[PDB]
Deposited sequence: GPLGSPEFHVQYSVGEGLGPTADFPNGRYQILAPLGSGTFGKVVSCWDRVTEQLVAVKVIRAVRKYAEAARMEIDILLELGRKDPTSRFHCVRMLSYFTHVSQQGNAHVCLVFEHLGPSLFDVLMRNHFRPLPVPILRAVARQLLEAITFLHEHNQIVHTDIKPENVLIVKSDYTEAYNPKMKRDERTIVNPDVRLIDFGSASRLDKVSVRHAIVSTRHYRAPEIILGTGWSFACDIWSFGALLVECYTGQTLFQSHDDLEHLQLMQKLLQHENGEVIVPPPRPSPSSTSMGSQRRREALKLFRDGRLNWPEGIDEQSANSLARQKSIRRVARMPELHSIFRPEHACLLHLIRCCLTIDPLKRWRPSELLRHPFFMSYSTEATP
């Protein structure tokens, strides 16, 4: 902190003076910075010179250029990239740096600051609306899928506050386009995408994901805003799918069904994924709980999973009677079949947003 990034003729110690940390992750670090040229606060994302995260940073730049061209003022609530540069470190490491408008706390930071208590519904509604506007812009105006919708990637960059500090009138930015994919030509993909807790079932099952996987993540995000708590807390595919089945078991038509079995000759990424997913099934049904151990009749692992699934609520029981409208909205999102999920422009017409 206190160094500069992006040396220039006028500012050889760096145009962007590092002020404070903002966030970090496997991608690298985000720092609050003073732009010595325009004399503004900005946020700069510096990607670790690791190649994996650096080539992701370059596709992010490309998408953000197109989003910013179509929406300079972020009326559709995607983060605005102001600039980008390569910071050749004094060692020799070149870091890809993205310069963003001044940012703000994430939804995760908000939940954490409130001790993972429920977000009040009027704020939930305002955040949900702006995030759907962002997702509509991506899917329908740009044919881009984000794939990484989660609390850490939804920022409140501007916000009035009511006094501890409450949040009123949030101004949302969706961030992190380093995993976004253009789907205007290629309709379906099969790579594993999304962080575990927000990952749609079709990604696990190998049946092909598209725009709809973002609506699943969105639905899981909203439930977490309502309860304060991550909805799917498993890191194992078999148990994760069962938690989905349990949540939705009282929703008509909501069953986890296996992918079609691939030709044994088929070498594609999608076939490989479907073969793996089929190991989660026995005679066409999800092989839970028996598939958790299957090496011991009496199993500690199997017993833990049974308790975790028993603790998982049915979707309808999460919501207070007076919040039936939000439940109806989430039902249009948390559908196991991606073809049943609503488009974000349709979700924006839902009565939850008129009232």
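Counting from residue 1 of the deposited sequence, the stretches lacking C-alpha coordinates in this chain are 1-13, 177-185, 378-384.
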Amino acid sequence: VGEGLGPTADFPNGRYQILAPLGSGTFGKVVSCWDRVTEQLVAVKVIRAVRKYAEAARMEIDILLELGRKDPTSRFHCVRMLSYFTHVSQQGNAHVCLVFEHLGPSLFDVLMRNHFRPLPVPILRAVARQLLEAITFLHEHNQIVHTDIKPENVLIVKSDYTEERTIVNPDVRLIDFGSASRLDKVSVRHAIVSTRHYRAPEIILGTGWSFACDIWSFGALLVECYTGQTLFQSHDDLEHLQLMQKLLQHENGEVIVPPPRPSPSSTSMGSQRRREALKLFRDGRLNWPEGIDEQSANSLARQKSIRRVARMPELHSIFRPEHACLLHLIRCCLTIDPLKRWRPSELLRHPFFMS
From here on, numbers count along this sequence of modelled residues.
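Look at the C-alpha B-factors of 265-273 and of 140-148. On average they run higher in 265-273. Mean CA temperature factor is higher for 110-118 when stretches 130-138 and 110-118 are set side by side in the entry. Ranking 176, 283, 237, 71 by the C-alpha B-factor listed in the PDB entry places 283 at the top. Highest C-alpha temperature factor among 81, 192, 255, 168, as the PDB entry reports it: 168. In the deposited entry, the Cα temperature factor of residue 335 sits in the bottom third of values across the chain's modelled residues. Compared with the other modelled residues of the chain, the Cα B-factor recorded for residue 287 ranks in the middle third.
In the deposited entry, the Cα temperature factor of residue 250 places it in the highest third of its chain's modelled residues.
For residue 210, the recorded CA temperature factor ranks within the lowest third of the chain's modelled residues. In this PDB entry, residue 219 carries a Cα temperature factor that places it within the lowest third of its chain's modelled residues.
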